[PDB]
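Heavy-atom basis, side chains included; hydrogens, waters and symmetry copies ignored. Proteins come first, then strands; the chains are lettered A, B, ... in the order of their sequence lines, and each starts at number 1.
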There are 2 protein chains.
Amino acid sequence: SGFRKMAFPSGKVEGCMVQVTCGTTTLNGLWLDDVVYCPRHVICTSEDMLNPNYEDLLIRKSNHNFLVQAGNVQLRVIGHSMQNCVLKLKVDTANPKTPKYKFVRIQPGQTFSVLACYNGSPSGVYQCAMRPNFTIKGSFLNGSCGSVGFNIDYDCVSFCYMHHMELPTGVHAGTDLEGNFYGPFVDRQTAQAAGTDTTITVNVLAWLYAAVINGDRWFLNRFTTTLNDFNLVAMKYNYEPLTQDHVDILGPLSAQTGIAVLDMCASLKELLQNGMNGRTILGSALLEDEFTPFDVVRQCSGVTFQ
Amino acid sequence: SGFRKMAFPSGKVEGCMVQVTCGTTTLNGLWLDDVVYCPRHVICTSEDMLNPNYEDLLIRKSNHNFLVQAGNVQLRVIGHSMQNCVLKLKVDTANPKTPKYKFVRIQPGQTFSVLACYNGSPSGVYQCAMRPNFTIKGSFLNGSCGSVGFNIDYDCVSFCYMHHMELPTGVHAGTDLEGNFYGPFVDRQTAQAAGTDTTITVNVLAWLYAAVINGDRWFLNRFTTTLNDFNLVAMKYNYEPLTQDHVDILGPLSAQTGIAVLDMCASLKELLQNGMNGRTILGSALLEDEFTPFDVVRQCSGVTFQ
Ligand SMILES: *[C@@H]1CC(=O)N(CC)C1=O
Ligand SMILES: *[C@@H]1CC(=O)N(CC)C1=O
Ligand SMILES: *[C@H]1CC(=O)N(CC)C1=O
Ligand SMILES: *[C@H]1CC(=O)N(CC)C1=O
């Protein structure tokens with residue numbers, strides 16, 4: 001037993017990370033088959049990034065202005081094109097270590113692992129959640145753009161995120177692997193505001209179930225509320241409203257622990273109004289919303305991957 | 001910027017994990033060169049584990065009673081021996097993916113990554129700290145024994161931990177790769193008590209420096225204390241005493257931020273007596289002691305590995 005903010009094993013992703021240089025700008029790219037994917041602002045200079053005209057900038061570039069290195073092995077660029085906010089560089093070699101993979105656009109509240117990289121080389125791995133305002137609260141230094149986020153399904157990698165920028169507020173924004181930004185952000189250096197960040201209620205609930213599974217039950221109370229009246233309290237504290245799909249997703253956690261979703265909601269209700277009063281839950285003095293119901297089930301049953 | 005509890009990339013370790021079976025007991029082993037390392041309680045039955053006589057049990061076993069699988073590839077066991085609490089199985093094949101590696105016995109308070117495994121297959125990765133009482137607070141289910149903890153130094157893996165058992169209290173105990181337990185635990189199913197768990201003061205201090213680096217400075221106060229008088233407060237709250245080596249290790253964090261170690265100690269002093277009063281620091285409502293000074297420097301400068 002025990003409970004940890006666990007990330008997916010990163011081995012299959014390490015072998016896909018390359019270093020992309022264009023001009024004096026260097027960042028990370030993702031090498032699958034014979035295509036290298038990277039942020040298109042790699043073609044920007046320091047001055048260009050305030051008001052970049054990407055089509056006009058991309059015109060001045062030819063295949064040989066792009067240097068791609070995979071460790072010590074040089075790749076040769078044969079074609080290049082812009083798909084939304086990512087560049088696709090066709091190279092002469094297919095990545096031998098290309099894993100079975102898929103591109104996926106995740107939804108707010110889902111979780112994934114980030115492999116933070118510099119100069120094409122892997123630095124560290126952490127788990128995080130797509131916030132409801134389509135940002136992530138990550139850990140990125142200069143040079144980490146093109147680092148990717150991913151899930152693993154047995155032997156299959158699902159790439160869902162590419163890092164593009166840090167907002168003046170210290171949070172992080174990026175795209176899917178087709179280059180569409182998550183959220184209303186653009187790849188230019190201007191003031192851009194994220195919305196109100198809210199708490200992911202269904203994840204908190206999944207975490208309470210994890211805590212019951214692991215011996216923390218002090219917060220269980222003898223009260224039963226309704227969905228309307230919980231959501232009425234939820235909205236007051238900047239919590240995402242709970243819907244029926246959310247209750248359905250929690251069904252197996254309900255079944256394994258004998259506690260109805262609505263009863264768990266009533267416990268959360270009380271913590272929101274009264275607080276935790278110094279106590280802790282699974283080690284934490286705050287409510288935690290970076291585990292999905294699937295994460296809890298995976299962790300508490302020991303799902304593995306190739 | 002930002003700050004995350006980051007783990008090391010696990011790729012180099014994934015390729016070393018095999019599945020070891022003896023009788024009906026299956027667990028994980030570590031395959032480096034032509035030796036497989038695993039917990040010796042693999043040779044125990046369900047009844048044996050209360051009062052195991054390992055030498056007498058190991059006598060009834062021969063090379064062919066040990067089945068080692070690396071994915072679908074079977075390994076053949078040629079020799080076998082017991083070194084303290086680990087078994088060493090000599091196999092006929094050297095692991096092709098053997099990375100440059102070293103065995104190391106870490107000290108309490110150092111951190112490392114755990115690759116949690118089942119049936120020889122990688123499940124997930126998390127960072128943790130060796131507590132001062134030589135336990136770790138991990139996330140392990142039945143079948144995870146022989147999972148290992150490790151650090152990476154550029155292209156070199158430092159194995160420091162092998163998982164052996166969960167205590168009746170829900171915490172986790174294990175050995176180095178030479179089979180010596182960390183702490184006074186034995187590999188038998190009896191009540192074993194860990195000592196008092198204390199907080200790792202030098203790590204907390206490193207984390208305060210990280211927080212100053214990332215914009216959290218509300219806890220900075222205009223007070224200066226002495227080492228004796230801080231330690232006198234430290235011991236009252238179950239904090240590890242601070243020594244001069246500890247102050248020396250923090251020197252570069254002091255230099256980069258302009259804040260003297262002793263001044264930071266005085267800030268911590270106040271949080272210990274007064275609390276955080278609802279506020280948070282780097283996202284957390286508790287003081288955090290699972291980052292070493294080296295972790296903070298690595299994260300805040302973007303150190304990478306092969
Ligand atoms: C993994 C491998 C693959 O092609 N798929 C299809 C959806 C996977 O899920
Ligand atoms: C990594 C590779 C190796 O043999 N060493 C010696 C200490 C390392 O640090
Ligand atoms: C990485 C991401 C980013 O914004 N830059 C500046 C050009 C990088 O190099
Ligand atoms: C893994 C670790 C442990 O104690 N067991 C029971 C025999 C395992 O199989």
Side-chain angles (χ1 to χ4, degrees), chain A residues 1-15 17 71 97 113-128 136-144 152 154 166 169-172 214-215 275-276 278 280 283-286 295 298-306, chain B residues 1-15 17 71 97 113-128 136-144 152 154 166 169-172 214-215 275-276 278 280 283-286 295 298-306:
Chain A
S1 53
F3 211 70
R4 277 279 171 183
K5 196 164 282 171
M6 205 162 299
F8 291 98
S10 56
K12 302 202 207 311
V13 180
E14 289 161 54
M17 293 315 293
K97 320 186 96 177
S113 290
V114 168
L115 179 65
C117 286
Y118 300 89
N119 306 314
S121 159
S123 173
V125 64
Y126 54 94
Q127 189 81 344
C128 68
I136 74 168
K137 310 185 91 170
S139 188
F140 290 113
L141 311 163
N142 208 281
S144 60
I152 308 193
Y154 189 44
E166 185 170 292
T169 52
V171 291
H172 306 110
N214 284 285
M276 298 183 65
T280 64
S284 172
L286 300 172
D295 300 342
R298 298 206 307 275
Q299 194 163 156
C300 294
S301 292
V303 159
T304 54
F305 312 102
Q306 176 180 245
Chain B
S1 53
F3 211 70
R4 277 279 171 183
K5 196 164 282 171
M6 205 162 299
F8 291 98
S10 56
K12 302 202 207 311
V13 180
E14 289 161 54
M17 293 315 293
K97 320 186 96 177
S113 290
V114 168
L115 179 65
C117 286
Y118 300 89
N119 306 314
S121 159
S123 173
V125 64
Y126 54 94
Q127 189 81 344
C128 68
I136 74 168
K137 310 185 91 170
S139 188
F140 290 113
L141 311 163
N142 208 281
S144 60
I152 308 193
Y154 189 44
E166 185 170 292
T169 52
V171 291
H172 306 110
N214 284 285
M276 298 183 65
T280 64
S284 172
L286 300 172
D295 300 342
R298 298 206 307 275
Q299 194 163 156
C300 294
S301 292
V303 159
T304 54
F305 312 102
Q306 176 180 245

**Q** Atom OG1 in B:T280, atom CG in B:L286: separation rounded to 0.5 Å?
**A**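 Here the interatomic distance stands at 11.0 Å.
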**Q** Under a 4.5 Å heavy-atom cutoff, which of B:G138, B:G15, B:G283 has the most pairs with chain A?
**A**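 Of B:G138, B:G15, B:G283, B:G138 has the most heavy-atom pairs under 4.5 Å with chain A.
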**Q** With a 4.5 angstrom heavy-atom cut-off, could you sort out which part of B:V125 is near chain A: side chain, backbone, both or neither?
**A**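 Answer is both: backbone and side chain atoms of B:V125 are under 4.5 Å from chain A.
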**Q** Is it the backbone or the side chain of B:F305 that comes under 4.5 Å from a heavy atom of chain A, or both, or neither?
**A**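 It is both, since atoms from each part get that close.
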**Q** Quick one: closest heavy-atom pair of B:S10 and A:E14, and the distance?
**A**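 Looking at all heavy atoms of both residues, the shortest contact is N-OE2, 3.4 Å.
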**Q** Flag the one option from B:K5, B:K12, B:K137 with the top tally of heavy-atom pairs under 4.5 Å to chain A.
**A**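 Most heavy-atom pairs under 4.5 Å with chain A: B:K137.
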**Q** Counting heavy-atom pairs under 4.5 Å with chain B, which one of A:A116, A:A7, A:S144 comes out on top?
**A**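 Maximum pair count with chain B is reached by A:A7.
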**Q** Taking C-beta and beyond as the side chain, do A:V171 and A:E166 meet within less than 4.5 Å on heavy atoms?
**A**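 A:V171 vs A:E166: side chains apart.
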**Q** Would you say the side-chain atoms of A:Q306 pair up with the backbone N or O of A:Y154, donor to acceptor, closer than 3.5 Å?
**A**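 Here the side-chain-to-backbone pair does not exist.
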**Q** Is B:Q127 in contact with chain A via its backbone, its side chain, both, or neither, using a 4.5 Å heavy-atom distance?
**A**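 Interface part for B:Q127: backbone (N, CA, C, O).
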**Q** Do you know which of B:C117, B:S121, B:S284 has the most heavy-atom pairs with chain A at a distance under 4.5 angstrom?
**A**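 It is B:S121.
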**Q** With a 4.5 Å cut-off on heavy-atom pairs, point out which of B:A285, B:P9, B:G2 contacts chain A the most.
**A**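 Looking at each of B:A285, B:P9, B:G2 in turn, B:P9 comes out on top.
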**Q** Do A:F3 and A:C300 have side chains that approach each other closer than 4.5 Å (heavy atoms only, starting at C-beta)?
**A**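 Side chain of A:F3 against side chain of A:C300, heavy atoms only: contact under 4.5 Å found.
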**Q** Minimum heavy-atom separation for B:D295 to B:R298, with atom names?
**A**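 Heavy atoms only, the tightest pair is OD1-NH2, 2.8 Å.
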**Q** Looking only at side-chain N and O atoms, does B:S139 offer a donor or acceptor that is under 3.5 Å from a partner on A:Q299?
**A**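 Result is yes, a qualifying pair exists.
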**Q** Under 4.5 Å, counting heavy-atom pairs only, tell me which of A:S1, A:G71, A:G143 racks up the most with chain B.
**A**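 The residue among A:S1, A:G71, A:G143 with the greatest pair count is A:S1.
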**Q** Provide the closest heavy-atom pair for B:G120 versus B:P122 in the form atom of the first, atom of the second, distance.
**A**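 In terms of heavy atoms, the two residues are closest at O-CD, 4.1 Å.
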**Q** Tell me, out of B:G170, B:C128, B:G275, who's got the most heavy-atom pairs with chain A below 4.5 Å.
**A**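 Greatest number of close heavy-atom pairs with chain A: B:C128.
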**Q** Using non-hydrogen atoms and a 4.5 Å limit, figure out which bit of A:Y118 sits close to chain B: side chain, backbone, both or neither.
**A**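 It is both, since atoms from each part get that close.
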**Q** Report the residues that fulfil ring pair (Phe, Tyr, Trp, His ring centres under 6.0 Å) with A:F140, sequence neighbours left out, ordered by chain and then residue number.
**A**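 Residues passing ring pair (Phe, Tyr, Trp, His ring centres under 6.0 Å) with A:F140: A:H163, A:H172.
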**Q** Using a cut-off of under 4.5 Å for heavy-atom pairs, which of A:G302, A:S113, A:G278 has the most such pairs with chain B?
**A**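 Most pairs with chain B among the choices: A:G302.
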**Q** What part of B:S301 is in contact with chain A, defined as an atom under 4.5 angstrom from a non-hydrogen atom: side chain, backbone, both or neither?
**A**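 Only the backbone of B:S301 comes within 4.5 Å of chain A.
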